[PDB]
Amino acid sequence: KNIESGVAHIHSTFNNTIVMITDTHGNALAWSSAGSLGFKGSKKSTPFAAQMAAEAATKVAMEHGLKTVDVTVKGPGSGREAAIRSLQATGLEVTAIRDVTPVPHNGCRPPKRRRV
RNA sequence: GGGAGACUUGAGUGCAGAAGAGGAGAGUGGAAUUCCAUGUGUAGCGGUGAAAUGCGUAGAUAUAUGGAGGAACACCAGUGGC
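Described below are features of the structure shown in this document. (Residues numbered from 1 in each chain as written, not as in the entry; some residues may be left out. Chains lettered and ligands numbered in written order. Part of a larger assembly, values for the part shown. Heavy atoms only, no water.)

Where helix α1 (residues 47–64) meets helix α2 (residues 80–90), the axes come as close as 8 Å, and the angle between the chain directions of the two elements is 35 degrees. Judged by the sense of rotation from one axis to the other, the crossing of α1 with α2 is right-handed. For the pair formed by α1 and α2, the contact residues are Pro47, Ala50, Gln51, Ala54, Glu55, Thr58 and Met62 on the first element and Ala82, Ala83, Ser86, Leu87 and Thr90 on the second. Here the contact of α1 with α2 is built from residues that sort into 7 nonpolar, 4 polar and 1 charged. (Axes fitted to C-alpha atoms, helices over the stretch in contact; angles between N-to-C directions. Helix = DSSP H or I, 4+ residues; strand = E, 2+ residues; numbered from the N terminus. Left-handed = near helix turned anticlockwise from the far one by under 90°. Contact = heavy atoms within 4.5 Å. Nonpolar A, V, L, I, M, F, W, Y, C, P; charged D, E, K, R; others polar.)

Note that an α-helix has 3.6 residues per turn; residues three or four places apart therefore point the same way. A rise of 1.5 Å per residue sets the reference length of α1, with its 18 residues, at 26 Å; its end C-alpha atoms lie 26 Å apart and thus fit the reference within 8%. All buried positions along α1 are accounted for by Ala49, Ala50, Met52, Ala53, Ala54, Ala57, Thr58 and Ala61. The inward-facing, buried residues of α1 contact β2 (17–23), β3 (28–33) and α2. One or two residues past the end of α1 sits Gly65, with phi positive at roughly 105 degrees. (Expected span 1.5 Å × (residues − 1). Buried < 20%, exposed > 50% of the residue type's maximum accessible area, 1.4 Å probe, protein only.)

Okay, here's the thing in structure tokens:
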């Protein structure tokens, strides 16, 4: 109901961007996405859509009560920086930024190349 | 070419060292994917050139914490080595 510090997970893929603001323990507080905001098709990956998604999620989080957030960026999407700037503009203080893109140590076999 | 000898440079042994993803056997480590359980949380997620199929209110994706299991071994790594 009332929080001050939290985490913001930005999942940005080539097709969509999802912003998930949680508490420092990971429990979800608010979230939004390009698709959730009405963007469809290619638009979902545009940085502007990421900007709006971060804006809407931040507004809900601040409404719930939240001042500081630390950012974790995941995925190769092109809207990560747009979301971060949107967070700052909407008001939440960006305490820190880290990248948590998983990096398999070889691990599993990725799917086939396209057009083969 | 044959026979009877001699010789040490080829060949090999000895002695002294060197490096190595060489091979076989038995274990073991972390990353990561998927699945499972339980939290938080609400409407999409996923995907394309564009769409649709598909998954999601039986609460998905995301997110936190665990647990299961299979396979391959990021960085080192290098017309490097064996």
